[PDB]
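J.: Handing you this structure, nothing more for now.
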Amino acid sequence: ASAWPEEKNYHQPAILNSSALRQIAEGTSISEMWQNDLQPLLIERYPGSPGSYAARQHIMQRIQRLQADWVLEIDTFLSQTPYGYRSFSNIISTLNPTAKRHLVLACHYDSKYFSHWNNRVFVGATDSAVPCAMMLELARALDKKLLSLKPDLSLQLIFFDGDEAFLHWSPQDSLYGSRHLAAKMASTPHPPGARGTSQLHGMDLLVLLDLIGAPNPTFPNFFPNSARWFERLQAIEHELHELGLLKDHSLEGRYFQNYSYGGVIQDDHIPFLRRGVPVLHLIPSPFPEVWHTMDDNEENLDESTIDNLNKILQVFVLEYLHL
Ligand SMILES: [Zn+2]
């Protein structure tokens with residue numbers, strides 16, 4: 001009986017030196033992400049809407065154009081909702097599908113439903129169009145390094161549909177795509193042919209990005225079983241800062257601070273966390289001031305903060321994958 005699902009407990013990063021850090025800082029482009037990955041998503045995209053379809057095609061197209069060997073799957077299913085039965089479609093993009101272990105980055109691509117109000121439309125810029133765009137920019141910026149994966153460990157991206165409640169949050173009206181996918185992964189043997197291990201056992205760590213893009217975010221260290229990875233984000237932020245590789249950034253105003261949070265924040269990691277998957281929850285506390293208002297738009301995003309977080313996340317991912 002293999003102990004491979006315990007490998008994630010001892011897994012250590014291969015830390016980048018200064019020269020490599022400067023290279024990663026220079027290899028991501030916030031303006032290219034803005035134009036090519038983010039703006040096409042700043043549209044109404046609640047589940048089942050025309051915008052949902054457009055957002056899903058955009059995400060698939062941007063991944064498909066890359067050199068790395070991404071395998072795209074659309075996980076479509078039905079769920080009861082306050083409005084009756086509806087269909088939802090999660091997007092999963094995976095490098096090395098048969099690799100036993102994957103580091104998983106995720107966010108939700110649906111936007112919360114709101115009837116148009118005084119001609120304004122909710123596009124959920126921080127929630128979570130930016131997180132989607134950060135994942136797409138990370139795939140683009142690290143494409144040459146990721147192509148080399150073509151340590152039985154690789155990378156997977158998940159874009160959840162139906163994170164938002166159709167009304168106000170309730171246990172049955174929220175997290176449609178993640179409750180469905182977590183259950184599906186928990187009941188799918190992995191690697192193919194396995195007798196007793198599932199796709200969830202293969203999830204080394206679920207890094208969930210949510211509500212990112214406002215000024216001065218502070219991310220709490222939520223869980224003890226991922227605290228050492230939260231510490232790595234702190235260290236990466238500190239070193240990128242010291243090397244002069246971040247913009248409009250100070251250590252007093254750092255994003256990863258030393259502080260936990262006792263409470264529970266309901267989000268797409270919950271169905272995974274309750275089935276034993278380690279989670280690194282990159283959601284700020286407090287939430288952006290524009291949360292769930294028509295002001296959660298492009299004008300209120302903080303460009304340099306998103307750029308700095310792209311650098312930090314890309315270094316974290318390369319160090320985890322030893323690339
Ligand atoms: Zn929301």
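Ordering of the structure tokens sets the chain letters (A, B, ...); residue numbers start at 1 within each chain; ligands are numbered from 1 in the order shown.
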Within 7 Å of region 209-226 of chain A, counting only C-alpha atoms, which residues show up once you throw out same-chain ones fewer than 5 positions away? Write them as a PyMOL selection string, please.
T.: chain A and resi 106-107+126-128+130-131+253+255-257+259-261+278-285+287-288+300-302+305-306
J.: Please, which residues have at least one atom within 12 Å of an atom of ligand 1, using only C-alpha atoms and all ligand atoms, listed as an MDAnalysis selection string?
T.: chainID A and resid 46 107:114 122:129 162:169 174:175 210:212 265:268 283 287:288 290:294 296
J.: I need the chosen residues saved as a compact mmCIF listing (two decimals), in the first residue's frame, with N, CA and C atoms.
T.:
```txt
# COMPACT_ATOMS: atom_id res chain seq x y z
N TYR A 46 -23.42 35.47 -14.93
CA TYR A 46 -24.04 34.59 -13.96
C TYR A 46 -24.33 33.24 -14.66
N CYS A 107 -10.40 29.58 -8.72
CA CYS A 107 -11.21 30.78 -8.46
C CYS A 107 -12.59 30.49 -9.06
N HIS A 108 -13.56 31.37 -8.89
CA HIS A 108 -14.85 31.16 -9.53
C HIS A 108 -14.94 32.12 -10.72
N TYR A 109 -15.49 31.65 -11.83
CA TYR A 109 -15.64 32.54 -12.98
C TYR A 109 -17.07 33.08 -13.17
N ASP A 110 -18.05 32.60 -12.39
CA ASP A 110 -19.39 33.15 -12.53
C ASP A 110 -19.36 34.51 -11.83
N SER A 111 -20.31 35.37 -12.18
CA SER A 111 -20.49 36.64 -11.46
C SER A 111 -21.90 36.53 -10.81
N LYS A 112 -22.06 37.20 -9.67
CA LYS A 112 -23.35 37.16 -8.94
C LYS A 112 -24.46 37.79 -9.75
N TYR A 113 -25.62 37.14 -9.76
CA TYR A 113 -26.76 37.68 -10.49
C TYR A 113 -27.38 38.90 -9.80
N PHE A 114 -27.55 39.97 -10.57
CA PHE A 114 -28.24 41.18 -10.09
C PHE A 114 -29.02 41.71 -11.30
N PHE A 122 -23.67 44.33 -12.86
CA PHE A 122 -22.60 43.82 -11.96
C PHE A 122 -21.62 42.92 -12.73
N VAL A 123 -20.34 43.28 -12.73
CA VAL A 123 -19.35 42.46 -13.42
C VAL A 123 -18.33 41.82 -12.49
N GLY A 124 -18.48 42.02 -11.18
CA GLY A 124 -17.56 41.34 -10.26
C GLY A 124 -16.07 41.39 -10.64
N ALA A 125 -15.53 42.60 -10.69
CA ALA A 125 -14.13 42.74 -11.11
C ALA A 125 -13.16 42.03 -10.17
N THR A 126 -13.29 42.25 -8.86
CA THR A 126 -12.41 41.55 -7.92
C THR A 126 -13.00 40.18 -7.62
N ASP A 127 -14.28 40.00 -7.98
CA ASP A 127 -15.05 38.84 -7.55
C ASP A 127 -15.72 38.11 -8.74
N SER A 128 -14.99 37.27 -9.50
CA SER A 128 -13.53 37.11 -9.36
C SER A 128 -12.89 37.19 -10.76
N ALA A 129 -13.22 38.25 -11.49
CA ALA A 129 -12.62 38.40 -12.82
C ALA A 129 -11.10 38.54 -12.70
N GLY A 162 -20.99 28.86 -10.64
CA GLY A 162 -21.93 28.84 -9.51
C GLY A 162 -21.47 29.02 -8.09
N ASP A 163 -20.41 29.77 -7.90
CA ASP A 163 -19.97 30.02 -6.54
C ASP A 163 -21.03 30.85 -5.81
N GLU A 164 -21.55 31.87 -6.50
CA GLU A 164 -22.48 32.81 -5.87
C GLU A 164 -23.92 32.29 -5.66
N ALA A 165 -24.55 32.81 -4.61
CA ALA A 165 -25.95 32.48 -4.37
C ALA A 165 -26.78 33.21 -5.45
N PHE A 166 -27.88 32.59 -5.89
CA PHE A 166 -28.78 33.26 -6.79
C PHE A 166 -29.52 34.34 -5.98
N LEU A 167 -29.74 34.12 -4.67
CA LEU A 167 -30.39 35.13 -3.77
C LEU A 167 -29.31 35.61 -2.80
N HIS A 168 -29.47 35.42 -1.48
CA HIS A 168 -28.37 35.76 -0.56
C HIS A 168 -27.88 34.38 -0.13
N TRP A 169 -26.61 34.28 0.25
CA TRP A 169 -26.05 32.99 0.64
C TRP A 169 -26.89 32.13 1.57
N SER A 174 -25.55 28.29 -3.05
CA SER A 174 -24.19 28.84 -3.12
C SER A 174 -23.28 27.63 -3.42
N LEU A 175 -22.06 27.91 -3.83
CA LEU A 175 -21.08 26.86 -4.07
C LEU A 175 -21.55 25.68 -4.91
N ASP A 210 -9.65 34.71 -4.34
CA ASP A 210 -11.02 35.27 -4.39
C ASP A 210 -10.94 36.72 -3.86
N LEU A 211 -11.73 37.58 -4.49
CA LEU A 211 -11.87 39.01 -4.10
C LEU A 211 -10.58 39.79 -4.12
N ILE A 212 -9.78 39.55 -5.16
CA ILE A 212 -8.48 40.19 -5.23
C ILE A 212 -8.56 41.31 -6.28
N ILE A 265 -14.90 31.35 6.60
CA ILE A 265 -15.40 32.19 5.52
C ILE A 265 -15.94 31.18 4.50
N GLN A 266 -17.22 31.24 4.17
CA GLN A 266 -17.80 30.33 3.18
C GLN A 266 -17.25 30.72 1.79
N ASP A 267 -16.72 29.73 1.07
CA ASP A 267 -16.17 29.94 -0.27
C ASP A 267 -15.99 28.55 -0.90
N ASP A 268 -15.53 28.52 -2.14
CA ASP A 268 -15.36 27.27 -2.90
C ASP A 268 -14.40 26.26 -2.31
N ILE A 283 -7.99 34.96 0.16
CA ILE A 283 -9.14 35.89 0.15
C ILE A 283 -8.75 36.92 1.20
N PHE A 287 -13.09 42.16 3.25
CA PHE A 287 -13.37 42.08 1.81
C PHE A 287 -13.26 43.51 1.17
N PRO A 288 -13.03 43.62 -0.15
CA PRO A 288 -12.96 44.95 -0.81
C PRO A 288 -14.19 45.79 -0.38
N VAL A 290 -15.95 47.57 -2.15
CA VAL A 290 -16.98 47.50 -3.20
C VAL A 290 -17.69 46.16 -3.29
N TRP A 291 -17.36 45.23 -2.40
CA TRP A 291 -17.95 43.87 -2.42
C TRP A 291 -19.48 43.84 -2.62
N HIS A 292 -19.89 43.12 -3.64
CA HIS A 292 -21.30 42.96 -3.99
C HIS A 292 -22.05 44.25 -4.25
N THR A 293 -21.35 45.22 -4.81
CA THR A 293 -22.00 46.44 -5.26
C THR A 293 -21.61 46.64 -6.73
N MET A 294 -22.35 47.51 -7.42
CA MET A 294 -22.05 47.84 -8.82
C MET A 294 -20.68 48.54 -8.97
N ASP A 296 -17.98 47.27 -7.95
CA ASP A 296 -16.89 46.27 -8.05
C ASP A 296 -16.60 46.19 -9.54
```
J.: What does the distance from CA of residue 11 (chain A) to CA of residue 312 (chain A) come to in Å, to one decimal?
T.: 19.3 Å
J.: Near residue 197 (chain A), within 10 Å and counting only C-alpha atoms, which residues show up once chain neighbours fewer than 2 positions away are dropped, as a PDB file with N, CA, C and O atoms, in the first residue's frame?
T.:
```pdb
ATOM      1  N   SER A   2       1.032   1.939  -1.167  1.00  0.00           N
ATOM      2  CA  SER A   2       1.870   3.158  -1.316  1.00  0.00           C
ATOM      3  C   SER A   2       1.514   4.330  -0.379  1.00  0.00           C
ATOM      4  O   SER A   2       0.363   4.573  -0.082  1.00  0.00           O
ATOM      5  N   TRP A   4       2.137   7.362  -1.195  1.00  0.00           N
ATOM      6  CA  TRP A   4       2.314   8.570  -2.007  1.00  0.00           C
ATOM      7  C   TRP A   4       1.394   9.744  -1.589  1.00  0.00           C
ATOM      8  O   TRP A   4       1.778  10.906  -1.708  1.00  0.00           O
ATOM      9  N   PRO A   5       0.201   9.439  -1.064  1.00  0.00           N
ATOM     10  CA  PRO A   5      -0.626  10.604  -0.681  1.00  0.00           C
ATOM     11  C   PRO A   5      -0.086  11.335   0.510  1.00  0.00           C
ATOM     12  O   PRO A   5      -0.621  12.399   0.868  1.00  0.00           O
ATOM     13  N   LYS A 100       0.256  11.664 -10.313  1.00  0.00           N
ATOM     14  CA  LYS A 100      -0.487  11.394  -9.059  1.00  0.00           C
ATOM     15  C   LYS A 100      -0.844  12.608  -8.259  1.00  0.00           C
ATOM     16  O   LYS A 100      -1.921  12.651  -7.645  1.00  0.00           O
ATOM     17  N   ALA A 186     -13.832  13.275  -5.159  1.00  0.00           N
ATOM     18  CA  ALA A 186     -13.683  12.370  -4.023  1.00  0.00           C
ATOM     19  C   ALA A 186     -14.074  10.945  -4.444  1.00  0.00           C
ATOM     20  O   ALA A 186     -13.648   9.982  -3.787  1.00  0.00           O
ATOM     21  N   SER A 187     -14.887  10.825  -5.477  1.00  0.00           N
ATOM     22  CA  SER A 187     -15.353   9.500  -5.894  1.00  0.00           C
ATOM     23  C   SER A 187     -14.732   9.030  -7.197  1.00  0.00           C
ATOM     24  O   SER A 187     -15.242   8.111  -7.829  1.00  0.00           O
ATOM     25  N   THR A 188     -13.605   9.640  -7.598  1.00  0.00           N
ATOM     26  CA  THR A 188     -12.950   9.246  -8.836  1.00  0.00           C
ATOM     27  C   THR A 188     -11.574   8.681  -8.506  1.00  0.00           C
ATOM     28  O   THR A 188     -10.736   9.373  -7.952  1.00  0.00           O
ATOM     29  N   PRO A 189     -11.331   7.392  -8.837  1.00  0.00           N
ATOM     30  CA  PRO A 189     -10.003   6.857  -8.518  1.00  0.00           C
ATOM     31  C   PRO A 189      -8.900   7.587  -9.215  1.00  0.00           C
ATOM     32  O   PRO A 189      -9.063   8.023 -10.369  1.00  0.00           O
ATOM     33  N   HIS A 190      -7.766   7.723  -8.543  1.00  0.00           N
ATOM     34  CA  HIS A 190      -6.620   8.380  -9.153  1.00  0.00           C
ATOM     35  C   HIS A 190      -5.348   7.863  -8.488  1.00  0.00           C
ATOM     36  O   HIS A 190      -5.298   7.741  -7.264  1.00  0.00           O
ATOM     37  N   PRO A 191      -4.293   7.577  -9.280  1.00  0.00           N
ATOM     38  CA  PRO A 191      -4.268   7.706 -10.732  1.00  0.00           C
ATOM     39  C   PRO A 191      -5.195   6.625 -11.346  1.00  0.00           C
ATOM     40  O   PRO A 191      -5.666   5.781 -10.638  1.00  0.00           O
ATOM     41  N   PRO A 192      -5.488   6.693 -12.656  1.00  0.00           N
ATOM     42  CA  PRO A 192      -6.357   5.713 -13.348  1.00  0.00           C
ATOM     43  C   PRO A 192      -5.942   4.296 -12.917  1.00  0.00           C
ATOM     44  O   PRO A 192      -4.742   3.999 -12.850  1.00  0.00           O
ATOM     45  N   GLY A 193      -6.931   3.468 -12.593  1.00  0.00           N
ATOM     46  CA  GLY A 193      -6.699   2.104 -12.157  1.00  0.00           C
ATOM     47  C   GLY A 193      -6.476   1.911 -10.674  1.00  0.00           C
ATOM     48  O   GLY A 193      -6.363   0.791 -10.200  1.00  0.00           O
ATOM     49  N   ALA A 194      -6.367   2.996  -9.907  1.00  0.00           N
ATOM     50  CA  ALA A 194      -6.103   2.873  -8.495  1.00  0.00           C
ATOM     51  C   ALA A 194      -7.212   2.165  -7.745  1.00  0.00           C
ATOM     52  O   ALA A 194      -8.397   2.335  -8.067  1.00  0.00           O
ATOM     53  N   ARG A 195      -6.825   1.413  -6.728  1.00  0.00           N
ATOM     54  CA  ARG A 195      -7.780   0.660  -5.942  1.00  0.00           C
ATOM     55  C   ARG A 195      -8.383   1.448  -4.828  1.00  0.00           C
ATOM     56  O   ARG A 195      -9.563   1.212  -4.490  1.00  0.00           O
ATOM     57  N   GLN A 199      -8.974  11.353  -6.681  1.00  0.00           N
ATOM     58  CA  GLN A 199      -8.428  12.614  -7.168  1.00  0.00           C
ATOM     59  C   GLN A 199      -8.236  13.586  -5.999  1.00  0.00           C
ATOM     60  O   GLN A 199      -7.315  14.387  -6.037  1.00  0.00           O
ATOM     61  N   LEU A 200      -9.069  13.535  -4.949  1.00  0.00           N
ATOM     62  CA  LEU A 200      -8.827  14.433  -3.811  1.00  0.00           C
ATOM     63  C   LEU A 200      -7.535  14.109  -3.080  1.00  0.00           C
ATOM     64  O   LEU A 200      -6.836  15.013  -2.629  1.00  0.00           O
ATOM     65  N   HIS A 201      -7.174  12.833  -2.988  1.00  0.00           N
ATOM     66  CA  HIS A 201      -5.926  12.497  -2.306  1.00  0.00           C
ATOM     67  C   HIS A 201      -4.753  13.078  -3.112  1.00  0.00           C
ATOM     68  O   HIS A 201      -3.702  13.367  -2.557  1.00  0.00           O
ATOM     69  N   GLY A 202      -4.967  13.192  -4.420  1.00  0.00           N
ATOM     70  CA  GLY A 202      -3.921  13.738  -5.306  1.00  0.00           C
ATOM     71  C   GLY A 202      -3.794  15.253  -5.215  1.00  0.00           C
ATOM     72  O   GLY A 202      -2.847  15.823  -5.767  1.00  0.00           O
TER      73      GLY A 202
END
```
J.: Set the distance at 9 Å and use only C-alpha atoms: which residues neighbour residue 8 (chain A) once local chain neighbours fewer than 4 positions away are removed? I'd like the list as a PyMOL selection string.
T.: chain A and resi 4+12+101+202-205
J.: How would the residues just chosen look if you wrote them out with N, CA and C atoms as an mmCIF file, in the first residue's frame?
T.:
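Wrote part.cif, looks like this:
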```cif
data_model
loop_
_atom_site.group_PDB
_atom_site.id
_atom_site.type_symbol
_atom_site.label_atom_id
_atom_site.label_comp_id
_atom_site.auth_asym_id
_atom_site.auth_seq_id
_atom_site.Cartn_x
_atom_site.Cartn_y
_atom_site.Cartn_z
ATOM 1 N N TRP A 4 2.137 7.362 -1.195
ATOM 2 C CA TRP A 4 2.314 8.570 -2.007
ATOM 3 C C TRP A 4 1.394 9.744 -1.589
ATOM 4 N N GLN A 12 8.918 20.070 -0.014
ATOM 5 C CA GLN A 12 9.559 21.380 0.232
ATOM 6 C C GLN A 12 9.739 22.116 -1.084
ATOM 7 N N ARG A 101 0.066 13.570 -8.238
ATOM 8 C CA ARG A 101 -0.159 14.796 -7.429
ATOM 9 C C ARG A 101 -0.251 16.071 -8.238
ATOM 10 N N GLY A 202 -4.967 13.192 -4.420
ATOM 11 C CA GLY A 202 -3.921 13.738 -5.306
ATOM 12 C C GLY A 202 -3.794 15.253 -5.215
ATOM 13 N N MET A 203 -4.734 15.903 -4.546
ATOM 14 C CA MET A 203 -4.641 17.384 -4.495
ATOM 15 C C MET A 203 -3.681 17.769 -3.392
ATOM 16 N N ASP A 204 -2.476 18.181 -3.756
ATOM 17 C CA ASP A 204 -1.488 18.515 -2.759
ATOM 18 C C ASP A 204 -1.932 19.683 -1.874
ATOM 19 N N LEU A 205 -2.504 20.678 -2.548
ATOM 20 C CA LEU A 205 -2.844 21.940 -1.893
ATOM 21 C C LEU A 205 -3.779 22.635 -2.854
#
```
